[PDB]
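Just dropping this structure here.
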Amino acid sequence: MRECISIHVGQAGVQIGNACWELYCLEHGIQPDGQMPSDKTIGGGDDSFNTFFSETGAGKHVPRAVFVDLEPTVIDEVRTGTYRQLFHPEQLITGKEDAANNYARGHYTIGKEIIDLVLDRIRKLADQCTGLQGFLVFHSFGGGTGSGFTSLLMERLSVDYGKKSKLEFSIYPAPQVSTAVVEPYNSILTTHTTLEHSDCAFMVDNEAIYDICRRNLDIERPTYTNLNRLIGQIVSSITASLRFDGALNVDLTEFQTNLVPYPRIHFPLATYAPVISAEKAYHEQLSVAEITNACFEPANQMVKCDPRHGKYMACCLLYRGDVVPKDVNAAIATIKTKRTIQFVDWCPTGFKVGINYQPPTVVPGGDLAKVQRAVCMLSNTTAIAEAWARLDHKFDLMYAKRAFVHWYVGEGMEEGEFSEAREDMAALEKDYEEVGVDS
Amino acid sequence: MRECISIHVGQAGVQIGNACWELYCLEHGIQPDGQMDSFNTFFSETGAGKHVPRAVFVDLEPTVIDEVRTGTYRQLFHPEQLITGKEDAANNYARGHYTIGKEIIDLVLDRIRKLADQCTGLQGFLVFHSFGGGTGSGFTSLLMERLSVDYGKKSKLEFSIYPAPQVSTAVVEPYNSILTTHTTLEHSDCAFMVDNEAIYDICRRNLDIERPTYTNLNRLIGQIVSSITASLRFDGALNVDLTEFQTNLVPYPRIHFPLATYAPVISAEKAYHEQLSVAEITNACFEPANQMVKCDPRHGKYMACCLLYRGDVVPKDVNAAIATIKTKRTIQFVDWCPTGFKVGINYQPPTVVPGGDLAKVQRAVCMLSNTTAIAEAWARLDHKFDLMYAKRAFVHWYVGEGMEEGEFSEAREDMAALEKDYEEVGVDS
Amino acid sequence: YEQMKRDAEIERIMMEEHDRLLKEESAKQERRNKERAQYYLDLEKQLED
Amino acid sequence: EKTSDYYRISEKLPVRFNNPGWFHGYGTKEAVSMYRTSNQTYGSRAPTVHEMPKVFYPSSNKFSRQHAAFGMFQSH
Amino acid sequence: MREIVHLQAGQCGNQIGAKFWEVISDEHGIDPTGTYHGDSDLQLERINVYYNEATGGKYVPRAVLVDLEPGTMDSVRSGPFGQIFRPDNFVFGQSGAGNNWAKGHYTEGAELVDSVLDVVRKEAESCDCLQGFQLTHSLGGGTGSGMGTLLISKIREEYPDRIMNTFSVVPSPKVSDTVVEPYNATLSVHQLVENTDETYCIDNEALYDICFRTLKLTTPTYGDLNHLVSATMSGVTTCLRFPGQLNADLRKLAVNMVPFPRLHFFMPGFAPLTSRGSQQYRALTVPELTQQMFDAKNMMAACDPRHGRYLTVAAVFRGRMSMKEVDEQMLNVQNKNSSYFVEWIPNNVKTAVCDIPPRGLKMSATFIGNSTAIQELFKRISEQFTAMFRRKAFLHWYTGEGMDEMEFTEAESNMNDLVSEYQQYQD
């Protein structure tokens, strides 16, 4: 009725979807092989799984997701792992030979043989169910099929569906922490579709999650499993107001109009505030007014850009658990009291507030704790303009000596597409300037 | 009371009848030794409690009959129903029509008399053949001509396998498939057409099976035949009769070539996850990659459709499915058929064979259509006829067994007449 | 008073037949559920084969 | 293995979240090998009695479907 | 014979209005199954102002509940008194407004407005004589402010001489909970000044200061703030249902109140609101009830009316009281304070009394003030709209489906005059 479809792309996006579908399965009663485990016991009041599952004829729930990869090895751990008896075997779409850190392979010459499959399998899923609030896709900038096929999926999915909303989730390169030398060449040139053909494109850096774990939690050396568990608690907080009812609930339509001022300023941030080691949750309080002051701390952001340099355009607040509405309104006016927290001259209102009654669930073996309260602070901020200022400089430094170009140009890519991407991001460095000064 | 009599001609007919009579004997309670009121359509009943069917198996190779004798259904048939010739027709229409078939056409028609006088009132024969081989073309043609003149108004159903575009075995297949139609067109009151390549692609694509053998193909054909005649055997809401859908289906007296389609051909793996609604399978049987003869329906106007739903169906859903089929603007329909459709509904689900590769499905559809798409599936046979017969290969065997040279050309102008009938009835008004 | 008493009795009768309709609808729904369970069972049997 | 025994609950939670032993599809705690890839750490352990949700407030839609079937009311 | 219809709009109105029928049915004595089990005898004598008849002597309330998401209708049906509403009377779309006023006015809600009016014409057919409709919505969101306005301008055109009444959750000044609030609120007053006969200003910040400083609650949730509004909607129309001395209906409070036909934005308040520690300590007398009506704390709108003159003032008392203590106590306000009152109306006070108190109190009132301080939240809403619209902050989410930009600077033309009209009548 109020559903969503989760389309996963690439090796980064599949391993998000190994973490999400573990965590939605724990939030309902669903076992890893379907099978709602009630056995001859009566129950009444249900259908909180229509947003991410489909009850079929045998009583077995199958989720709405397509898994897309151009690599065989990543997806075939799902086909032999524990969740093999949950996904429909047509919905684990597998490529044959990978893009290998290449926009031109993932967008011009290898995704052509596979795009006919995925757009048949999506249309099978959506015709099946009534409404559609919107897709929630997952990808990564720094790789071939994560940014090539994703740039071809979004150009084709915005034509034939249109007015149904989209979301977008990204893995964004760091200043320091990089894994490829192809990383600036394809994190500049993937913006020709994540500007025109995305309604909200959330932004997550690997570097701050590498640093938020060492400081809030008593963990050192965190691997990629611990990065996936944290972003699984964001997507299970944006969509939590669809399933479990609340006093003030926001749908996917509701925070879209409260957060993007102009239709080329859709690059918000996100933070999760009550991140705390399970030993440390015994110690502090984590009140209703403690965890909202933590959302604006520069140590606990998500992209390594200083929040004390830009101006906040809009904020959406997604509270979860036992929250009273008087304590929320005591918190917000305290933030506008302090004068080192900067809001734009044409926005005195500032905030959008959502509250759900469902407490944030725990995961077994997870380093996150059990806390009665949680919040996920969405914000659109001028400080992300200074985050492309360390990527345009890593692009023209590359491009002047024409290093690593001959792979792209031999695959159906013309050299007029490189410098066209550089002006289309140097244009956006004025769109985030021209709405900064006062009147 | 509403009975039907089956004649299986040739090896294709014998193997189709194999898969059939396994399916019917497991569908009723009857074990293969004949030992256990709906059998009276197909099974004669003795006083002891043996059930014996109305079937006649005829082939000229002795092997294709005595492996039916050796196999595990030997107890069922009277051992004089199993009829055997001395030499096979050797892929020759003329040789099967003339030099072998005259010896035992008397025996097979006397068995036809003896079986058809052991009933009350006939409804329609079911003969099974193919258009690739000698006896299965020619002896079938003599059999159906003589039986039509001898019975008259008694309806018959011919079942045929067409030679596919790129799937073929012999080389004289255009010759015998154009020489069968000239005198196998106007004596059969209905005839149905399938081909092997379409069944190969449906097995490869819909079912999760690679690389099938003729067993699976015969299982599918038996499913379609059982879907046709379950309205005779098993009662339900809207049961249609043989004369019912013949009058509803054949527009003009030489356009009697309906297609076949059977909608939920899906494995247990896909059936367990997928829902299956009757609107879904109504669209899925009009999908242009699920038909059973390789003619593209997008080139073809549908003169008539008749749907045969079996299982847990209710009439409002079939009616909404019909409306949403005619609503679409990608499926063509004939400019002088406003009604379009015919509906039958049975109350018994499809019965599943052990060892078969289908799934037991709560709602199935057998779709029949008289469409103009099939007209472009004859010009390939006529061009292969041209390519052979212009430089005149392989004619001297057929005319040494006995013919004149003008009879193949008579078949050629018969196919030209059929081409122009299918072209002229499809145009505008 | 006599007409009022007849009205009360007839209204109670119709609410009794509505309660009968409610119980038969719940019975039909549980019948559909047991049909779904049966289909799941023999599909698992075919997978074992 | 029974979460109403271990934790208190709201009595309307379904049996799936009541009985955690039925989630049989997860990984089976293989002892470690050297060739241990890192993306396979996602969803490596089944939920236990501690991680089940205490309360559940899903959005039913049965009444809304069974009323808005067809069209809304209009005076003809 | 004078009956009304209670429309409910949006998701904020469905928290108000679902608590509105648990207060009226407490008053009229109806069980959740819909059958009368009450104490007194005149209690169901005027049951037909709100409710309706069915077979077998069961009473159904009349309403129509709209939404653009189907989640709220299941929540209302599973409420405590959610059994009595008819299931035909719920109407709802399938895709939410998404806090977009333009979606809820043009593209997402206009499919629904042709189906709500078929319910409304079915309920307005059943009347003896309609006193007027009634609506409950919110000026902050999308589906309360867009489609809840599109109901108003189409009901008013086809029922032109009925007394339309609304109840509005005006957005807060700064303690706010939506980024795109001033586009949503300034585009609704443009169509709410010319189509409503009365409209009430309910701050969500004056509804917390009541719940901290005069009630002294600990965790004020939404469950009781719906109740504070739902005691005022019962309090205005007690004169309609129950008898008394100097009754004043829903209409005769309008005639005495609005002096010029664009100044109908009121500010209400409820008189005995006493902390549960000081229930032993309040003294039940008529003058002690009056000092709560004119106290600046029990104003329930966003501006303190000591910054100007009241234009006209109501007081609908309830209970058993001498009507000399009513008409003397209002006089002692107009002489002790004189500069705070408009001096070209020689008597600014309308009073009313009825004999049936609320359940659990001896007496209660309902203050209504048409103060000239209400220009102040009109400036603060307009100043947070002329900062967004300097450089078009969020405009492309509204423009892209068919609203051109000149219907935004037309709004402030129909908004910056209404700031001025209170100022020329200020003195």
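So this one's electron microscopy, 7.7 Å, going by the header.
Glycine residues also receive a Cβ, built from the backbone N, Cα and C atoms like all the rest.
Sharing the features that Swiss-Prot gives for it:
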ACT_SITE  A:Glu254  active site
BINDING   A:10-12, A:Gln15, A:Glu71, A:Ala99, A:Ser140, A:143-146, A:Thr179, A:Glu183, A:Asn206, A:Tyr224, A:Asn228, A:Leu252  GTP binding site
BINDING   A:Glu71  Mg(2+) binding site
MOD_RES   A:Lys40  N6-acetyllysine
MOD_RES   A:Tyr282  3'-nitrotyrosine
MOD_RES   A:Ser439  phosphoserine
Can you give me the Cα-Cα distance between A:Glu183 (GTP binding site) and the residue listed as 'Mg(2+) binding site' in Å, rounded to a whole number?
19
Measure from each Cβ of the recorded positions A:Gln15, A:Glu71, A:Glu254, A:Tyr282, A:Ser439 to the Cβ atoms of chain E, and list in sequence order the residues where some distance is under 8 Å, or 'none'.
A:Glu254, A:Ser439
What is the interatomic distance between the Cα atoms of A:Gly10 (GTP binding site) and A:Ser439 (phosphoserine), given in whole Å?
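Between the alpha carbons of A:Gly10 (GTP binding site) and A:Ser439 (phosphoserine) there are 45 Å.
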Is it possible to get the count of other C-beta atoms within 10 angstroms of the C-beta of the residue listed as 'phosphoserine'?
8
Should A:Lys40 (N6-acetyllysine) be counted as helix, strand, or coil on the basis of DSSP?
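Note: A:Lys40 (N6-acetyllysine) is coil by DSSP, not helix or strand.
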So among A:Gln15, A:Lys40, A:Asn228, A:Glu254, all listed as recorded positions, which is physically nearest to A:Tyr282 (3'-nitrotyrosine)? Use the C-alpha atoms.
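Closest recorded candidate to A:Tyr282 (3'-nitrotyrosine) by Cα: A:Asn228.
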Within a 10 Å radius of its Cβ, which of these binding-site residues (A:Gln15, A:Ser140, A:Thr145, A:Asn228) has the fewest neighbouring Cβ atoms?
A:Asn228
Between the Cα atoms of A:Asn228 (GTP binding site) and the residue listed as 'Mg(2+) binding site', find the distance and write it as a whole number of Å.
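Cα-Cα distance, A:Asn228 (GTP binding site) to the residue listed as 'Mg(2+) binding site': 20 Å.
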Take the recorded positions A:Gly10, A:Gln15, A:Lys40, A:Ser140, A:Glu183 and keep those with a Cβ under 8 Å from any chain D Cβ; what remains?
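Answer, by Cβ distance to chain D: A:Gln15.
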Quick one: Cα separation, A:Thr145 (GTP binding site) versus the residue listed as 'Mg(2+) binding site', in Å?
9
In the structure shown, which of the recorded positions A:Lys40, A:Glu183, A:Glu254 has the fewest other Cβ atoms within 10 Å?
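Taking A:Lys40, A:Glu183, A:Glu254 as the recorded positions, the minimal 10 Å Cβ count falls on A:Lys40.
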Roughly how many Å separate the Cα of A:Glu254 (active site) from that of A:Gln15 (GTP binding site), to the nearest whole number?
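Cα to Cα, A:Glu254 (active site) and A:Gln15 (GTP binding site) are separated by 29 Å.
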Inside 10 Å of the Cβ of A:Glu71 (Mg(2+) binding site), count up the other Cβ atoms and send me the figure.
20
Tell me the Cβ neighbour count for A:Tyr282 (3'-nitrotyrosine), meaning other Cβ atoms within 10 Å of its Cβ, over all protein chains shown.
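For A:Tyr282 (3'-nitrotyrosine), the 10 Å Cβ neighbour count is 9.
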Using C-alpha atoms only, work out the spacing between the residue listed as 'Mg(2+) binding site' and A:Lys40 (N6-acetyllysine) and round it to an integer in Å.
44
Hey, how far is A:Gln15 (GTP binding site) from the residue listed as 'phosphoserine', Cα to Cα, in Å?
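Rounded to a whole number, the Cα-Cα distance is 46 Å.
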From the Cα of the residue listed as 'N6-acetyllysine' across to the Cα of A:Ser140 (GTP binding site), what is the distance in angstrom?
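Between the alpha carbons of A:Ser140 (GTP binding site) and the residue listed as 'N6-acetyllysine' there are 45 Å.
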Do me a favour and check the Cα-Cα span between the residue listed as 'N6-acetyllysine' and the residue listed as 'phosphoserine'; whole Å is fine.
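The residue listed as 'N6-acetyllysine' and the residue listed as 'phosphoserine' have their Cα atoms 68 Å apart.
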